[PDB]
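S.K.: Got an experimental structure here, sequence first:
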Amino acid sequence: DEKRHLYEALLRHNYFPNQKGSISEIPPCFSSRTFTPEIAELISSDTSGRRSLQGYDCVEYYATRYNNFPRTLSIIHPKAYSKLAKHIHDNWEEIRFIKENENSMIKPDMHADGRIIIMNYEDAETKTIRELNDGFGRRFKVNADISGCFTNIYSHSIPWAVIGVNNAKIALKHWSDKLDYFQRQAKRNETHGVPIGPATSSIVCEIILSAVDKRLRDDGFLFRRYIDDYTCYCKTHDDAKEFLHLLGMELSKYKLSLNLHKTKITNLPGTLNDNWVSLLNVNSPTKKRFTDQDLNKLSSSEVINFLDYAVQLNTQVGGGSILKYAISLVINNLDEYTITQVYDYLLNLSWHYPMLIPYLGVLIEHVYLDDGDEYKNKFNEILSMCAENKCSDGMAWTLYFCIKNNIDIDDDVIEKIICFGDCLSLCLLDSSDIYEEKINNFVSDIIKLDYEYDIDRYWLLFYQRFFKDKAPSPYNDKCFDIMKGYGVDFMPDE
Amino acid sequence: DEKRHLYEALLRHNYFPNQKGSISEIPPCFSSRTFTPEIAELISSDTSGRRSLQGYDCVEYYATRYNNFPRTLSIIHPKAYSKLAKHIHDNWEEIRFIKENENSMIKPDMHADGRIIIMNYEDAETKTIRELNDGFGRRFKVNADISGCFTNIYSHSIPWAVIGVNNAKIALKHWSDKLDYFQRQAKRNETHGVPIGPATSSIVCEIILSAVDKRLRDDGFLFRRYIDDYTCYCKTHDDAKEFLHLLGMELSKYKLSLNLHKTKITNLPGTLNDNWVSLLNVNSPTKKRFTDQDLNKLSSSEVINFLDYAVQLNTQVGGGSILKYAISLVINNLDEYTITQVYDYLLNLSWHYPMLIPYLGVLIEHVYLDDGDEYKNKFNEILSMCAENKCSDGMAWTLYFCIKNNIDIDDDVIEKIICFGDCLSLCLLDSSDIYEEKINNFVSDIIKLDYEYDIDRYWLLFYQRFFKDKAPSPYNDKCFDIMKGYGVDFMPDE
Amino acid sequence: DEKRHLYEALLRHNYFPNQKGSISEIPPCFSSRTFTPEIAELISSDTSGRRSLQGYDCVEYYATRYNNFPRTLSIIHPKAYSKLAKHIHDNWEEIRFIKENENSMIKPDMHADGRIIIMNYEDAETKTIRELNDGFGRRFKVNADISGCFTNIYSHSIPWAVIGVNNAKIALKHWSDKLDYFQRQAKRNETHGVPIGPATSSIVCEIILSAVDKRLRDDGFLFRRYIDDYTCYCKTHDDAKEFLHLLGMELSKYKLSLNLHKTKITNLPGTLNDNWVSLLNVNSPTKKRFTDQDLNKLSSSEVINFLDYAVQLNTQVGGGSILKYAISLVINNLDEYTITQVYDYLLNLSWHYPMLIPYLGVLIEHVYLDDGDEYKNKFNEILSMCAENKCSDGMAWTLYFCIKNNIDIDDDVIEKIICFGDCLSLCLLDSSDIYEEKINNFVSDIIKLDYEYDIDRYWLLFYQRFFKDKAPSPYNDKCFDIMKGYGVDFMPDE
DNA sequence: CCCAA
DNA sequence: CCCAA
DNA sequence: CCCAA
Ligand SMILES: Nc1ccn([C@H]2C[C@H](O)[C@@H](COP(=O)(O)OP(=O)(O)OP(=O)(O)O)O2)c(=O)n1
Ligand SMILES: Nc1ccn([C@H]2C[C@H](O)[C@@H](COP(=O)(O)OP(=O)(O)OP(=O)(O)O)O2)c(=O)n1
Ligand SMILES: Nc1ccn([C@H]2C[C@H](O)[C@@H](COP(=O)(O)OP(=O)(O)OP(=O)(O)O)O2)c(=O)n1
Ligand SMILES: [Mn+2]
Ligand SMILES: [Mn+2]
Ligand SMILES: [Mn+2]
Ligand SMILES: [Mn+2]
Ligand SMILES: [Mn+2]
Ligand SMILES: [Mn+2]
């Protein structure tokens, strides 16, 4: 069944921000499996406990983008997420009209690993064929995206996009009103915005934007959208301005507006990908496959010169993930001679850009970690700068690398981790069990603060301490006991 | 004999604009073989008929350059061209002094296919050796070309360049005066300019410019010329200015002048080819030959990224045929997996630039033209764009592709073809025989206009309708009957 | 022993400017072997003769840099150099503290060929690993070099850097005061500057700059130096300014100052090499080794296009030896088909840039030098332009190529060689023996000038004429007779 | 080798 | 094929 | 690996 696949995707595969297909933003130690549909079915049925504050807060995660900009990912509290996933699954025969959208390329699908929503799983050549077919006969292209799409979704517009704005306002129950209520309860009983990273909020964004896609399709516009980014192919410039006007109208019906910084009109024939994609791919040392494994093993000079050229391209242009793409080009074709030099280059670059930190794990097995203690200083310096820069992806990834490889962590950098106080880094330190007393003091300060939302911001740390029998449940409800008795661990071992 | 080779080259190989060696501007359906020496010798002997207007007009052809600029090629009326070719050949012992010019790189030669004049047949490495030898010891280079060379040749300067300006003016018969008269009769009895595309007018341009080459050679200038483009290599900047002054003097003796837009002086060592030639060739996926056919078959990613990089370089520089060179680099090394994707890229690019339309025929055999009817809309959209842009090369090439592959043509674009009214497109539609009535109405309107020059502009269409016995001969002379009786078809089948 | 290796390095390997490891600035006909420590020990013991002028002048050599700038190399007179080398060797247990410097990368070492000091023998990958290790954790890099380092070394600062500035001034014998006196006698009894090219003056520069390296190391600065170029890696911009201030202080203690033109602060991550290094290496046709000799033999088009792209990169940037690196990339991977075309390209480029003249000797064997006399005009034109530009490296290299390949030299270019009057070109003409009378007139004019320094500027020519018994010794001392009796030839045959 | 002029 | 949105 | 400084 496909409805059951929705349930398993919502809880076990796309509860955490696992939407990135190439490499996960969150380290693989955190996971959402062994959280079955039956367990959320029990949690939604549970009525015990009482909370002074309406709604729930979420575990916060600040991931660096290509330009070192923070992106706010959220892990929803399992009570609110269990109710939301239950209500989404129980009415998928009313919701699955977002599956049959030809203008939304990123949408729920029945994938092999189980995830409904994977960003950029379709790969650039299937994108290339479609972009070539769409761009034919048109001489202008429009790139326009919503300004704050996920962060300013108005939750009460969820009923509107289901049944029309006017009919929903006149009717002021239906399933989408309850979906509105549950999506509000997911984030502090707040109507504006949705959490970023779970697939329930991406489903909500698909539900809202599918009405705009429908009313743009009915006017004969040939357009594609990737989440919030609309690309349009127009024969004339006036049709481009008319598409922009109609898109602004239909988004303004749902309290949404265009990002006019990124909204631009270019003259076809433009590059199908970005410019730096083609510049890196013509200069790539692995752009030709020789079908024998010895011939495509790159020497040290080739990889080093490609990485320096990529650094120059990223510094000169700065309009995309040049370094990310470039290191992912040449990281699997190394031989054992240049593993250490490329690892040193990646260590320097991953210090200078935290987004390149997750790559080290694919080269961390071949490099001898002990060596002359130098890599311990490497990782501690990266940890310290990650604490100063208040980034979560690099910080958690570096802690994962230190713990998984039995690499010692200094006390001063533990103190600045405490001062940073991001939830998932503290969950990793809790899993280390060395710093149990300092984690105890931190969660104790959260407890005597007496704020429900501050406990909700660290529910994952509190539940991980509860699962190893090191802390009582801060909540008076039985959701944590239901999760523990039925075996839910968010840091599972093999 | 070399004189006989001249006559066969003039009639069967270089009557049509066939000077491009890589790919013909005119589709292969139009041809000038089965127009033997004997038929031209008969037509020159014919004295029947009468014409109210002196001279003849020519079939007009508008070919897009690299920057989408129209270039006017002309197909001379076979009476005038037959007389002109006979007069050129019968005195080749007086004319062949243009063969022994070391400064004219493009000139008549005894080629394998039969053509006397092929532009850029020597290839860039034989050009490289000569350019390296010429550039040595000189630190300045001059690039200067005639402003409107073929379009502003004075016909009366043809006797001058044979016997001196002053001697010919004092003498005011000689063979060059009759060559003047015949070159005038080729284009409406007009002294100014020559038709572009036949080799008789290129022979005339060689005759005129060889005197300038002689009086530039006598002063010791080391220079080369490609038709009208003069390159010069000077040790000093003042020798460059003196070469420019002497070239201006000797061209002004023949009512000719330099294009000072393209006249520029650069500092050696400059590159032998253009810049984008070098950037395309260092980034080319086929720049190394592995001597086995499986290893140099390019994958889809390599060709797609090279074409995208070529599009970026053509947009950024815009100083040459970047896209033409780039697709000719990688079009023969494809495998069957990327054939359809490259065809889609070529279809989009050939819509955006008509000069890339002739390439499609090398990939039109492998691609299934029926498919899901999409390629018919591709070709019809390209046809409508070609009719809007008033280009003849892409429009006739697309007609050739539609007719040769049994691809249907919509009626609206047929009406827009007739509105355009190019001669060779109407010849192709005549060859299709579906649109016989509309072509009949068009040539009937031309007939009731009662203008000799308007019939001469479409003589090829009129003769093709006469050859299939669908229209009477508009001319009262017997040249068309001589051509029909002895078997001249300008759309011959194999 | 390592002290003996110092002696053999000082006399037989690094007396001449042989510090460049890739290709020697001086042609290999000039050499300093068969000049053993015994002969220099004899010359230092010799007390015969008398000189009116204190000190000695040195043979002058003007080598073009990458930007065609003249660099002044000097060949020290063998009396002064023998005394200086003996005094350097006899106290190496006091001097070898420059060997144990971790901040000086170019320093004396026990090399395989025998040289103590080779510029950039470490190769760019060993530099890459060290640069990656140093660049970690730092976000600013400082590049600062001494303004006139070798040309404005104060000789009296040689004692200071040995024993402290204040102690040496208070003491105003010690071995470093005698090293001061001998380094003064090496160049005209002048305190400012040292000759460039011998290793004794590089030893002196290491001695002076090691105190600055020590007092920069004691402050904890992580820095490297290549002769006079200091690179520093600072976490903060303030520490970068503090490093610049302290470097200025410690250099000003020794009458030295930074070149603020080349002193700059860049933001890490910057490229390990220069930019054009990476651009040339991603576009290099030989960047992949296929481990079979037939597959990496480059075709003509690849080398021609790479050289054209390199010419464009050198013209566009002009910040390094783009052409030197580029031709050294692809000169050993040629096959016999493109040898002549690449040799012609090198002939044109080596005319336009004399630095590329030494490369011709690696392709001069395969190219037939007789041919149609054209290469004789090539070499004579290059000789003439080398005479006009007053450059010594290309001029002497071209004389070496003409003499070694039995290529005739015209009389007019011999006359402008005479007018230029560089010493090593005249030594090569002396070795040719054709122009013995003109060399005799030139040295006779030097003799009747009656200036000791003007004889010292051509001591190499005078000694080479003495060794073939064609001229008497201009000096009244017995150093030349000691050198002749023990078999010292600076133009030795195999 | 593969363009243009 | 290998990014992002 | 292949330059410079
Ligand atoms: N790992 C994930 C999971 C989900 N999303 C969602 C949230 C974003 O709203 C949407 C794409 O929108 P943008 O990245 O363009 O971001 P915004 O719309 O918030 O802002 P802006 O237009 O200013 O960039 O993708 C994401 O970015 N990253
Ligand atoms: N297929 C052909 C056959 C012949 N020619 C001739 C006619 C041109 O006059 C000549 C070369 O001249 P240019 O292309 O430089 O063009 P013009 O001299 O007419 O103009 P301009 O200098 O403005 O470009 O080559 C051509 O261009 N194309
Ligand atoms: N063949 C050789 C042998 C030795 N050196 C030395 C002398 C130079 O002083 C030193 C490097 O310093 P710079 O080339 O930077 O030269 P300067 O310090 O004299 O000048 P500037 O900073 O203006 O370039 O290397 C050299 O350049 N070439
Ligand atoms: Mn957005
Ligand atoms: Mn977006
Ligand atoms: Mn012209
Ligand atoms: Mn310096
Ligand atoms: Mn021209
Ligand atoms: Mn320097």
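M.R.: Now that the structure is in, tell me what you want to look at. Residues are numbered from 1 along each chain as shown, chains lettered A, B, ... in the order given. Ligands and ions are numbered 1, 2, ... in the order given.
S.K.: which one's the longest strand in chain A?
M.R.: When chain A is parsed with DSSP state E, its longest strand is strand A:258-267.
S.K.: In that strand, which residues are buried?
M.R.: A:258, A:263, A:265 (16 or more other C-beta atoms under 10 Å in any protein chain shown). Using the backbone N, CA and C atoms, a C-beta is placed for each residue, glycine as well.
S.K.: Of those residues, which ones also sit close to ligand 4?
M.R.: Counting by C-beta under 5 Å from the ion, nothing from these sits close to ligand 4.
S.K.: Go through those and name the one nearest residue A:364.
M.R.: When the buried residues of strand A:258-267 are ranked by distance to residue A:364 (C-beta to C-beta), residue A:263 comes first, at 41.6 Å.
S.K.: contacting residues around the closest one?
M.R.: The neighbours of residue A:263, taking C-beta atoms under 8 Å, 6 or more residues apart in numbering or on different chains as the test, are A:142, A:143, A:144, A:145, A:244.
S.K.: got it, and residue A:353?
M.R.: A:64, A:68, A:323.
S.K.: Show me those residues that map onto helices.
M.R.: Counted as lying in helices by DSSP state H, out of the contacts of residue A:353, are residue A:323.
S.K.: Need the buried ones from the contacts of residue A:353 selected in ChimeraX.
M.R.: Only the buried entries of the contacts of residue A:353 go into this ChimeraX selection, using 16+ other C-beta under 10 Å:
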select /A:64,323
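S.K.: Make TSV out of the contacts of residue A:353 and add distance to DNA strand D.
M.R.: Shown next, in TSV, are the contacts of residue A:353 (distance: C-beta to the nearest atom of the strand, whole Å):
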residue	distance to DNA strand D
A:64	43
A:68	43
A:323	32
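S.K.: Go through the contacts of residue A:353 and say which is closest to residue A:226.
M.R.: Nearest to residue A:226 out of the contacts of residue A:353 is residue A:64 (C-beta to C-beta; 20.7 Å).
S.K.: so the closest one makes contact with residue A:396?
M.R.: No. At 11.7 Å, residue A:64 does not count as touching residue A:396 under the criterion of C-beta atoms under 8 Å.
S.K.: Quick one: work out the angle between the following helix or strand past the longest strand of chain A and helix C:275-282.
M.R.: Scanning forward in sequence from strand A:258-267 by DSSP states H and E, the next helix or strand is helix A:275-282. If you take axes from the mean of the first three to the mean of the last three C-alpha atoms, to 10 degrees, helix A:275-282 sits at 50 degrees to helix C:275-282.
S.K.: Is DNA strand E within reach of the next helix or strand after helix A:275-282?
M.R.: Downstream of helix A:275-282, the next assigned helix or strand under DSSP H and E is helix A:300-316. No. Counting by C-beta under 7 Å from any atom of the strand, DNA strand E is not contacted by helix A:300-316; separation bottoms out at 11.5 Å.
S.K.: Who are the packing partners of helix A:300-316?
M.R.: Packing partners of helix A:300-316 (3 or more C-beta pairs under 8 Å, 6 or more residues apart in numbering or on different chains; DSSP states H and E): helix A:275-282, helix A:322-330, helix A:339-352, helix C:124-135, helix C:275-282.
S.K.: the inter-axis angle of it versus strand C:258-267?
M.R.: 80 degrees.
S.K.: how about helix A:300-316: buried residues?
M.R.: Using 16+ other C-beta under 10 Å as the test for burial, helix A:300-316 gives A:300-314.
S.K.: for the stretch 51-200 of chain A, what spans make up the strands?
M.R.: Ranges of strands in the stretch 51-200 of chain A, per DSSP state E, counting those that start in this stretch, are A:59-64, A:70-75, A:140-146.
S.K.: in its sheet, what does the second one sit against?
M.R.: Looking back up the chat, that one is strand A:70-75. Strand pairing for strand A:70-75, determined by DSSP bridges: strand A:59-64 (antiparallel).
S.K.: Any idea which residue of the stretch 351-494 of chain A lies closest to ligand 5?
M.R.: Nearest residue of the stretch 351-494 of chain A to ligand 5 (C-beta to the ion) works out as residue A:355 at 17.4 Å.
S.K.: residue contacts, the nearest residue to that residue once chain neighbours are set aside?
M.R.: Leaving aside its chain neighbours, residue A:355 sits nearest to residue A:64 (5.4 Å; criterion: C-beta to C-beta, 6 or more residues apart in numbering or on different chains). Applying C-beta under 8 Å, 6+ apart to residue A:64 gives the contacts A:70, A:71, A:353, A:354, A:355, A:389, A:391, A:393, A:394.
S.K.: so how many other residues sit close to the last one?
M.R.: Using other C-beta atoms under 10 Å in any protein chain shown, residue A:394 has 24 neighbouring residues.
S.K.: That one is in what secondary structure piece?
M.R.: In the assignment (DSSP H and E), residue A:394 maps to helix A:393-404.
S.K.: Compute the inter-axis angle for that helix and helix A:339-352.
M.R.: Inter-element angle recorded for helix A:393-404 and helix A:339-352: 140 degrees (by the same axes, to 10 degrees).
S.K.: Can you name the element that comes right after helix A:393-404?
M.R.: Later in the chain than helix A:393-404, the nearest helix or strand by DSSP H and E is helix A:411-420.
S.K.: hmm, back to that, and the angle for the helix holding residue A:394 with helix A:411-420?
M.R.: Going by the same axes, to 10 degrees, helix A:393-404 makes 140 degrees with helix A:411-420.
S.K.: Identify the residue nearest the residue of the stretch 201-350 of chain A at minimum distance from ligand 5 in space, chain neighbours excluded?
M.R.: Nearest to ligand 5 in the stretch 201-350 of chain A, going by C-beta to the ion, is residue A:229, at a distance of 3.9 Å. Distances taken as C-beta to C-beta, 6+ apart place residue A:145 nearest to residue A:229, at 4.3 Å, with adjacent residues excluded.
S.K.: Report the beta-bridge partners for that neighbour.
M.R.: With DSSP bridges as the rule, residue A:145 is bridged to residue A:229, residue A:259.
S.K.: Tell me the most packed of the contacts of residue A:64, by neighbour count.
M.R.: residue A:393 (26 neighbours).
S.K.: what residues are up against that one?
M.R.: Contacts of residue A:393 (C-beta under 8 Å, 6+ apart): A:25, A:26, A:61, A:62, A:63, A:64, A:354, A:355, A:357, A:358.
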